[PDB]
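Data from model22.cif: mmCIF, C-alpha atoms and all ligand atoms
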```cif
data_data
loop_
_atom_site.label_atom_id
_atom_site.label_comp_id
_atom_site.auth_asym_id
_atom_site.auth_seq_id
_atom_site.Cartn_x
_atom_site.Cartn_y
_atom_site.Cartn_z
CA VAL Q 1 0.00 0.00 0.00
CA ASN Q 2 1.20 3.59 -0.68
CA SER Q 3 0.06 7.25 -0.10
CA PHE Q 4 -0.94 8.06 -3.71
CA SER Q 5 -4.67 8.99 -3.87
CA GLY Q 6 -7.24 9.60 -6.64
CA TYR Q 7 -5.30 7.88 -9.47
CA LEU Q 8 -6.94 5.93 -12.29
CA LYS Q 9 -5.22 2.56 -12.82
CA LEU Q 10 -4.16 2.09 -16.47
CA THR Q 11 -2.17 -1.15 -16.11
CA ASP Q 12 -0.66 -3.45 -13.47
CA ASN Q 13 2.00 -0.78 -12.76
CA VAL Q 14 0.96 2.57 -14.31
CA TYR Q 15 -1.46 5.03 -12.68
CA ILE Q 16 -2.56 8.50 -13.85
CA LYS Q 17 -4.16 11.59 -12.29
CA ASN Q 18 -5.03 15.18 -13.30
CA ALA Q 19 -2.78 16.76 -10.66
CA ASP Q 20 -0.03 19.35 -10.01
CA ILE Q 21 3.26 17.36 -9.68
CA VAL Q 22 4.56 20.07 -7.27
CA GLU Q 23 1.28 20.06 -5.35
CA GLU Q 24 1.28 16.27 -5.55
CA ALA Q 25 4.94 16.05 -4.49
CA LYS Q 26 4.32 18.48 -1.59
CA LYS Q 27 1.40 16.27 -0.37
CA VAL Q 28 2.89 12.76 -0.85
CA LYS Q 29 6.65 13.42 -0.30
CA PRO Q 30 7.39 10.48 -2.57
CA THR Q 31 10.73 8.69 -2.45
CA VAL Q 32 11.27 9.80 -6.10
CA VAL Q 33 9.84 12.69 -8.12
CA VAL Q 34 10.88 12.78 -11.77
CA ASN Q 35 11.90 16.07 -13.37
CA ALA Q 36 11.49 16.75 -17.10
CA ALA Q 37 15.10 17.87 -17.34
CA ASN Q 38 17.35 19.04 -20.18
CA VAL Q 39 21.01 17.99 -20.56
CA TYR Q 40 22.25 21.23 -18.89
CA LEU Q 41 19.84 20.88 -15.92
CA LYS Q 42 18.67 24.44 -16.68
CA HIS Q 43 15.25 24.39 -15.00
CA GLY Q 44 13.68 27.37 -16.81
CA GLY Q 45 10.15 26.36 -17.66
CA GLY Q 46 7.64 23.58 -17.95
CA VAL Q 47 7.72 20.97 -15.23
CA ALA Q 48 11.38 21.73 -14.44
CA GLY Q 49 10.79 25.44 -13.95
CA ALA Q 50 7.83 24.69 -11.69
CA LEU Q 51 9.69 22.09 -9.58
CA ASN Q 52 12.71 24.35 -9.25
CA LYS Q 53 10.53 27.37 -8.25
CA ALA Q 54 8.89 25.23 -5.54
CA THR Q 55 12.43 24.53 -4.10
CA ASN Q 56 13.16 28.30 -3.97
CA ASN Q 57 15.92 27.71 -6.61
CA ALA Q 58 17.78 25.16 -4.44
CA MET Q 59 17.29 22.56 -7.21
CA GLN Q 60 19.06 24.90 -9.69
CA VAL Q 61 21.93 25.62 -7.28
CA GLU Q 62 22.49 21.88 -6.73
CA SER Q 63 22.16 21.22 -10.47
CA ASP Q 64 24.73 23.86 -11.39
CA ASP Q 65 27.28 22.20 -9.09
CA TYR Q 66 26.41 18.77 -10.64
CA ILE Q 67 27.04 20.09 -14.16
CA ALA Q 68 30.23 21.91 -13.19
CA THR Q 69 31.59 18.57 -11.88
CA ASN Q 70 30.15 16.04 -14.36
CA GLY Q 71 29.24 17.92 -17.53
CA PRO Q 72 25.91 17.60 -19.34
CA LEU Q 73 23.62 14.58 -19.28
CA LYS Q 74 22.87 12.57 -22.44
CA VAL Q 75 19.48 12.84 -24.15
CA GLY Q 76 17.75 9.70 -22.82
CA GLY Q 77 19.86 9.80 -19.64
CA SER Q 78 19.30 10.77 -16.03
CA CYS Q 79 20.86 11.61 -12.70
CA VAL Q 80 19.65 11.31 -9.14
CA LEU Q 81 19.82 14.49 -7.03
CA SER Q 82 18.10 15.75 -3.94
CA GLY Q 83 14.31 16.06 -3.84
CA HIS Q 84 14.66 19.09 -1.57
CA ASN Q 85 11.28 19.92 0.02
CA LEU Q 86 9.36 17.88 -2.58
CA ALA Q 87 10.62 14.29 -2.30
CA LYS Q 88 13.54 12.29 -0.95
CA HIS Q 89 15.17 12.23 -4.39
CA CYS Q 90 14.65 13.89 -7.76
CA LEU Q 91 15.36 11.73 -10.80
CA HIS Q 92 16.23 14.26 -13.52
CA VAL Q 93 15.39 12.51 -16.81
CA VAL Q 94 16.12 13.97 -20.25
CA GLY Q 95 13.52 13.06 -22.83
CA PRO Q 96 14.12 14.17 -26.43
CA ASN Q 97 12.99 17.71 -27.18
CA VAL Q 98 11.20 17.69 -30.57
CA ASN Q 99 11.56 21.57 -30.66
CA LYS Q 100 15.42 20.87 -30.82
CA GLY Q 101 15.00 18.06 -33.47
CA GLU Q 102 16.03 15.15 -31.12
CA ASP Q 103 15.25 11.51 -32.05
CA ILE Q 104 11.87 10.46 -30.54
CA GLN Q 105 13.24 6.83 -30.34
CA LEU Q 106 15.26 8.21 -27.39
CA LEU Q 107 11.98 8.47 -25.46
CA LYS Q 108 12.11 4.73 -24.68
CA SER Q 109 15.69 5.08 -23.36
CA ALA Q 110 14.51 8.01 -21.19
CA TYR Q 111 11.69 5.93 -19.65
CA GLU Q 112 14.07 3.02 -18.99
CA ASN Q 113 15.64 5.16 -16.21
CA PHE Q 114 12.40 4.77 -14.24
CA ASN Q 115 13.04 1.01 -13.93
CA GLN Q 116 15.89 1.74 -11.44
CA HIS Q 117 13.28 2.96 -8.89
CA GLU Q 118 10.51 0.85 -7.36
CA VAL Q 119 7.97 3.73 -7.14
CA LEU Q 120 7.98 7.18 -8.82
CA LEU Q 121 5.83 10.28 -9.20
CA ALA Q 122 6.43 11.53 -12.75
CA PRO Q 123 5.26 13.69 -15.63
CA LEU Q 124 4.89 12.37 -19.16
CA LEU Q 125 8.37 12.62 -20.68
CA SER Q 126 8.85 14.79 -23.73
CA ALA Q 127 5.31 16.25 -23.35
CA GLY Q 128 4.48 19.93 -22.91
CA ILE Q 129 7.23 22.28 -24.10
CA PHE Q 130 9.37 19.29 -25.21
CA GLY Q 131 7.01 18.99 -28.18
CA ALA Q 132 6.17 15.27 -28.34
CA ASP Q 133 2.65 13.83 -28.59
CA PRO Q 134 1.60 13.04 -24.99
CA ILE Q 135 -0.51 10.08 -26.22
CA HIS Q 136 2.68 8.59 -27.66
CA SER Q 137 4.58 9.38 -24.44
CA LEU Q 138 1.98 7.51 -22.37
CA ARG Q 139 2.16 4.49 -24.71
CA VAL Q 140 5.99 4.37 -24.45
CA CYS Q 141 5.70 4.72 -20.66
CA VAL Q 142 3.30 1.77 -20.37
CA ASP Q 143 5.38 -0.37 -22.72
CA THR Q 144 8.75 0.48 -21.06
CA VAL Q 145 8.33 1.12 -17.33
CA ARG Q 146 7.89 -2.02 -15.23
CA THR Q 147 8.14 -0.32 -11.81
CA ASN Q 148 5.21 1.50 -10.26
CA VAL Q 149 4.71 4.92 -11.80
CA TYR Q 150 2.18 7.56 -10.77
CA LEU Q 151 1.77 10.03 -13.63
CA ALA Q 152 0.63 13.61 -12.93
CA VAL Q 153 -0.95 15.41 -15.89
CA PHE Q 154 -1.40 19.17 -15.28
CA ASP Q 155 -3.87 19.87 -18.09
CA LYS Q 156 -7.43 18.52 -17.40
CA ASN Q 157 -8.31 18.56 -21.10
CA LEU Q 158 -5.21 16.47 -21.91
CA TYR Q 159 -5.82 14.13 -18.94
CA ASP Q 160 -9.31 13.32 -20.26
CA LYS Q 161 -7.97 12.78 -23.80
CA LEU Q 162 -5.17 10.44 -22.51
CA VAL Q 163 -7.68 8.32 -20.55
CA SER Q 164 -10.37 8.22 -23.29
CA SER Q 165 -7.83 7.22 -26.00
CA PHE Q 166 -5.87 4.66 -23.88
CA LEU Q 167 -5.73 1.19 -25.38
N1 LIG E 201 3.24 21.14 -12.74
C1 LIG E 201 3.03 20.04 -13.64
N2 LIG E 201 2.59 18.89 -13.16
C2 LIG E 201 2.39 17.84 -13.95
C3 LIG E 201 2.61 17.94 -15.32
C4 LIG E 201 3.08 19.16 -15.87
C5 LIG E 201 3.33 19.29 -17.27
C6 LIG E 201 3.78 20.50 -17.79
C7 LIG E 201 4.01 21.57 -16.93
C8 LIG E 201 3.77 21.44 -15.57
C9 LIG E 201 3.29 20.21 -15.03
#
```
The structure in this file should be written as C-alpha cells.
Amino acid sequence: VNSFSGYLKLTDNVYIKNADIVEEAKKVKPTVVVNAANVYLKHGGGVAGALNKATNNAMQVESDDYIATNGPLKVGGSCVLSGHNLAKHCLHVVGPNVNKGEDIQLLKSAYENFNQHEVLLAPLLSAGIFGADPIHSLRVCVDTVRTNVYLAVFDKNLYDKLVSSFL
C-alpha cells in the first residue's frame, strides 16, 4: 500500500491523475519525483521550472554544481539528485525535445531510467514544451516502465484525452 490517492489505474504498474506534480509532491513526499530535465539541468520552464521554483531555486543551485563537476547529461539519460522539500530524491530525466530536433526513439531510453526505482511520481516525458505527442509518451511509458509509476498530468483537457484514448 502507498500514499498516492485519486489515481486511475491504467495497467498493473501505471497510474494517472489530473494533478499538479509540485502540489502532488508536496502532499505525498514520494521517495522519487521525476523532473522533465534538459542535458544542462537548466530548470527554466515547464515541469522543471515549476519544480525548481517550488524549491526556492535550491534545485538549480544543486544542479549547477552537478554540471560543473560532471558535464551535461545525455538525451535519454538521467541523474539522481536531492528532492529538496518535494521528495527524498529527484530523478532528472532527459527526454528528447522535438523543438530541438532530437530523435523520438530516445523516449524509450529516457523511460528506462524509471526502472531503477521501485515507485515514482512523474510527468509524461517529452510532453508539454518538449514537443512530443503526450498520447505517444503515455504508450511508451506503459510499454517500457515495469516499476510503479504515478503520472501527474497538469492539463485537465489532456488528462481526459489520454484516458479516453488509452488502449
Ligand atoms: N506542474 C506540472 N505537473 C504535472 C505535469 C506538468 C506538465 C507540464 C508543466 C507542468 C506540469
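Once only C-alpha atoms and all ligand atoms are used for the distance check, the residues close to ligand LIG 201 (chain E) at 8 Å turn out to be residues 18, 19, 20, 21, 22, 23, 45, 46, 47, 48, 50, 51, 122, 123, 124, 127, 128, 129, 151, 152, 153, 154 and 155 of chain Q.
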Neighbours of point (2.5, 6.3, -19.4) within 12 Å, using all atoms listed in the file, written as a ChimeraX atom specification: /Q:8-17,107-108,111,114,120-127,133-153,159,162-163,166-167
With a distance cut-off of 10 Å and all atoms listed in the file, select the neighbouring residues of residue Q:31, excluding the residue or stretch itself and same-chain residues fewer than 4 positions from it, and output the selection as a PDB file with C-alpha atoms, in the frame of the given file.
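Wrote selection.pdb, looks like this:
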```pdb
ATOM      1  CA  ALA Q  25       4.940  16.050  -4.490  1.00  0.00           C
ATOM      2  CA  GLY Q  83      14.310  16.060  -3.840  1.00  0.00           C
ATOM      3  CA  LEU Q  86       9.360  17.880  -2.580  1.00  0.00           C
ATOM      4  CA  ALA Q  87      10.620  14.290  -2.300  1.00  0.00           C
ATOM      5  CA  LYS Q  88      13.540  12.290  -0.950  1.00  0.00           C
ATOM      6  CA  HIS Q  89      15.170  12.230  -4.390  1.00  0.00           C
ATOM      7  CA  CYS Q  90      14.650  13.890  -7.760  1.00  0.00           C
ATOM      8  CA  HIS Q 117      13.280   2.960  -8.890  1.00  0.00           C
ATOM      9  CA  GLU Q 118      10.510   0.850  -7.360  1.00  0.00           C
ATOM     10  CA  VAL Q 119       7.970   3.730  -7.140  1.00  0.00           C
ATOM     11  CA  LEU Q 120       7.980   7.180  -8.820  1.00  0.00           C
ATOM     12  CA  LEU Q 121       5.830  10.280  -9.200  1.00  0.00           C
TER      13      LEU Q 121
END
```
One-decimal distance in Å that lies between atom CA of residue Q:158 and atom CA of residue Q:43: 23.0 Å
Neighbour list for residue Q:78 as number ranges by chain, cut-off 9 Å, only C-alpha atoms, skip fewer than 6 positions in-chain: Q: 37, 39, 91-94, 110, 113
Q:38, Q:105, Q:60, Q:97 ranked by distance to residue Q:77, top pick (using all atoms listed in the file): Q:38
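Here atom CA of residue Q:24 stands at a distance of 26.3 Å from atom CA of residue Q:73.
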Point-to-point distance in Å for atom CA of residue Q:32 and atom CA of residue Q:84: 10.9 Å
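Nearest residue to residue Q:95 among Q:132, Q:61, Q:28, Q:53 is Q:132, counting all atoms listed in the file.
Residue nearest residue Q:57, chosen from Q:99, Q:116, Q:85, Q:5 and counting only C-alpha atoms: Q:85.
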My structure is short of atoms at stretch 18-37 of chain Q; please model N, CA, C and O atoms there, returning them as a PDB file, in the coordinates of the input.
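This went into out.pdb:
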```pdb
ATOM      1  N   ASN Q  18      -5.091  13.743 -12.982  1.00  0.00           N
ATOM      2  CA  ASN Q  18      -5.030  15.180 -13.300  1.00  0.00           C
ATOM      3  C   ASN Q  18      -4.569  15.909 -12.058  1.00  0.00           C
ATOM      4  O   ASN Q  18      -5.303  16.012 -11.107  1.00  0.00           O
ATOM      5  N   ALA Q  19      -3.265  16.157 -11.931  1.00  0.00           N
ATOM      6  CA  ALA Q  19      -2.780  16.760 -10.660  1.00  0.00           C
ATOM      7  C   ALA Q  19      -1.546  17.623 -10.888  1.00  0.00           C
ATOM      8  O   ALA Q  19      -0.890  17.448 -11.916  1.00  0.00           O
ATOM      9  N   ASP Q  20      -1.250  18.513  -9.939  1.00  0.00           N
ATOM     10  CA  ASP Q  20      -0.030  19.350 -10.010  1.00  0.00           C
ATOM     11  C   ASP Q  20       1.099  18.483  -9.444  1.00  0.00           C
ATOM     12  O   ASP Q  20       0.971  18.065  -8.289  1.00  0.00           O
ATOM     13  N   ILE Q  21       2.170  18.236 -10.211  1.00  0.00           N
ATOM     14  CA  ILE Q  21       3.260  17.360  -9.680  1.00  0.00           C
ATOM     15  C   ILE Q  21       3.849  18.008  -8.418  1.00  0.00           C
ATOM     16  O   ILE Q  21       4.121  17.263  -7.452  1.00  0.00           O
ATOM     17  N   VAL Q  22       4.045  19.330  -8.446  1.00  0.00           N
ATOM     18  CA  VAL Q  22       4.560  20.070  -7.270  1.00  0.00           C
ATOM     19  C   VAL Q  22       3.512  19.885  -6.174  1.00  0.00           C
ATOM     20  O   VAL Q  22       3.908  19.448  -5.089  1.00  0.00           O
ATOM     21  N   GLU Q  23       2.237  20.180  -6.474  1.00  0.00           N
ATOM     22  CA  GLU Q  23       1.280  20.060  -5.350  1.00  0.00           C
ATOM     23  C   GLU Q  23       1.199  18.591  -4.934  1.00  0.00           C
ATOM     24  O   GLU Q  23       1.167  18.283  -3.762  1.00  0.00           O
ATOM     25  N   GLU Q  24       1.284  17.681  -5.885  1.00  0.00           N
ATOM     26  CA  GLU Q  24       1.280  16.270  -5.550  1.00  0.00           C
ATOM     27  C   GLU Q  24       2.523  15.852  -4.775  1.00  0.00           C
ATOM     28  O   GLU Q  24       2.481  15.116  -3.770  1.00  0.00           O
ATOM     29  N   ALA Q  25       3.689  16.347  -5.207  1.00  0.00           N
ATOM     30  CA  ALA Q  25       4.940  16.050  -4.490  1.00  0.00           C
ATOM     31  C   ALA Q  25       4.872  16.589  -3.047  1.00  0.00           C
ATOM     32  O   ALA Q  25       5.247  15.912  -2.118  1.00  0.00           O
ATOM     33  N   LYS Q  26       4.431  17.831  -2.931  1.00  0.00           N
ATOM     34  CA  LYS Q  26       4.320  18.480  -1.590  1.00  0.00           C
ATOM     35  C   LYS Q  26       3.428  17.654  -0.666  1.00  0.00           C
ATOM     36  O   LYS Q  26       3.814  17.420   0.501  1.00  0.00           O
ATOM     37  N   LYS Q  27       2.377  17.058  -1.195  1.00  0.00           N
ATOM     38  CA  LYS Q  27       1.400  16.270  -0.370  1.00  0.00           C
ATOM     39  C   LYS Q  27       1.974  14.900  -0.027  1.00  0.00           C
ATOM     40  O   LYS Q  27       1.965  14.511   1.173  1.00  0.00           O
ATOM     41  N   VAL Q  28       2.481  14.157  -1.007  1.00  0.00           N
ATOM     42  CA  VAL Q  28       2.890  12.760  -0.850  1.00  0.00           C
ATOM     43  C   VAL Q  28       4.289  12.671  -0.241  1.00  0.00           C
ATOM     44  O   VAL Q  28       4.571  11.726   0.453  1.00  0.00           O
ATOM     45  N   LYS Q  29       5.215  13.564  -0.628  1.00  0.00           N
ATOM     46  CA  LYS Q  29       6.650  13.420  -0.300  1.00  0.00           C
ATOM     47  C   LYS Q  29       7.142  12.069  -0.747  1.00  0.00           C
ATOM     48  O   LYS Q  29       7.695  11.261  -0.012  1.00  0.00           O
ATOM     49  N   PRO Q  30       7.007  11.783  -2.061  1.00  0.00           N
ATOM     50  CA  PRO Q  30       7.390  10.480  -2.570  1.00  0.00           C
ATOM     51  C   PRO Q  30       8.895  10.274  -2.418  1.00  0.00           C
ATOM     52  O   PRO Q  30       9.699  11.226  -2.310  1.00  0.00           O
ATOM     53  N   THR Q  31       9.310   9.034  -2.439  1.00  0.00           N
ATOM     54  CA  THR Q  31      10.730   8.690  -2.450  1.00  0.00           C
ATOM     55  C   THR Q  31      11.401   9.337  -3.669  1.00  0.00           C
ATOM     56  O   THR Q  31      12.523   9.813  -3.565  1.00  0.00           O
ATOM     57  N   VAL Q  32      10.733   9.276  -4.824  1.00  0.00           N
ATOM     58  CA  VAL Q  32      11.270   9.800  -6.100  1.00  0.00           C
ATOM     59  C   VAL Q  32      10.229  10.648  -6.817  1.00  0.00           C
ATOM     60  O   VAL Q  32       9.144  10.129  -7.127  1.00  0.00           O
ATOM     61  N   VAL Q  33      10.591  11.891  -7.128  1.00  0.00           N
ATOM     62  CA  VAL Q  33       9.840  12.690  -8.120  1.00  0.00           C
ATOM     63  C   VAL Q  33      10.740  12.796  -9.352  1.00  0.00           C
ATOM     64  O   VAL Q  33      11.949  13.051  -9.227  1.00  0.00           O
ATOM     65  N   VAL Q  34      10.150  12.613 -10.505  1.00  0.00           N
ATOM     66  CA  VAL Q  34      10.880  12.780 -11.770  1.00  0.00           C
ATOM     67  C   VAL Q  34      10.733  14.206 -12.264  1.00  0.00           C
ATOM     68  O   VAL Q  34       9.649  14.746 -12.304  1.00  0.00           O
ATOM     69  N   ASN Q  35      11.878  14.778 -12.663  1.00  0.00           N
ATOM     70  CA  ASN Q  35      11.900  16.070 -13.370  1.00  0.00           C
ATOM     71  C   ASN Q  35      12.062  15.829 -14.862  1.00  0.00           C
ATOM     72  O   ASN Q  35      12.843  14.969 -15.288  1.00  0.00           O
ATOM     73  N   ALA Q  36      11.350  16.622 -15.630  1.00  0.00           N
ATOM     74  CA  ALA Q  36      11.490  16.750 -17.100  1.00  0.00           C
ATOM     75  C   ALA Q  36      12.670  17.655 -17.393  1.00  0.00           C
ATOM     76  O   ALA Q  36      12.501  18.831 -17.697  1.00  0.00           O
ATOM     77  N   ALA Q  37      13.868  17.105 -17.270  1.00  0.00           N
ATOM     78  CA  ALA Q  37      15.100  17.870 -17.340  1.00  0.00           C
ATOM     79  C   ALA Q  37      15.579  18.011 -18.788  1.00  0.00           C
ATOM     80  O   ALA Q  37      15.204  17.282 -19.686  1.00  0.00           O
TER      81      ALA Q  37
END
```
